[PDB]
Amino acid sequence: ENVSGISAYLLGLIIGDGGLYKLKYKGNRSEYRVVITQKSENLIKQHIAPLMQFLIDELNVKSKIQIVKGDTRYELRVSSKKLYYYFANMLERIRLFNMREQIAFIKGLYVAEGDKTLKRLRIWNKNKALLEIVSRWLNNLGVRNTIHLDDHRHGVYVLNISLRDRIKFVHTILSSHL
């Protein structure tokens, strides 16, 4: 719906700056976690949390949105087997995202781990396969780009968006909210 757009953006945040955790505790206890971390308390509570809350209402998830305070970051957390598989299944089908979903996800991923000086347009990730997919999406949207290994210390790849296509990128991806 418009639910798929919000979902693809949240998944961008999750993959970029959080995670999907399937945990096993003694014993045989368990937990399923949807997590976004971020430094800014305002960003988490006033922009990210209400979008998550909208999604929770839509899916009739009964879990609550937890915000947990670490010293270097705020952790938004939903403890929910259901929300978990929802995103986990959405991730494994990522190659089939429609255009509204691609744009939302790239935006979400850029909010998490894009170059925010905008002097340059770059996305960092260890996951080469994920970048190659975002690369294909950008090329279809008329945004030229390149991928290479940027940091040999942690195996981090960078996707570099050609500043030639700067204006089309900032308007189609960053400045579109649907």
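From 1 onward, residues are counted along the sequence shown. Whichever C-alpha set is largest while still superposing within 1.5 Å between the two forms counts as the rigid core.
Per-stretch RMS Cα distance to the displayed form in 6 other deposited structures of this protein, following rigid core alignment, is highest for 25 to 33 when 25 to 33 and 47 to 55 are compared. Larger root-mean-square CA separation from the shown form, computed after a rigid core fit of the structures in 6 other deposited structures of this protein, is seen for 110 to 118 when 135 to 143 is set against 110 to 118. Per-stretch averaging of Cα B factors for 119 to 127 and 39 to 47 places 39 to 47 on top. A summary of the deposited B-factors shows that, of 10 to 18 and 166 to 174, the stretch with the larger mean C-alpha value is 166 to 174. Taking the PDB entry at face value, the top CA B factor among 83, 106, 76, 99 belongs to 99. Ranked by Cα temperature factor within the chain, residue 141 sits in the highest third according to the deposited record.
In this PDB entry, residue 29 carries a Cα temperature factor that places it within the middle third of its chain's modelled residues.
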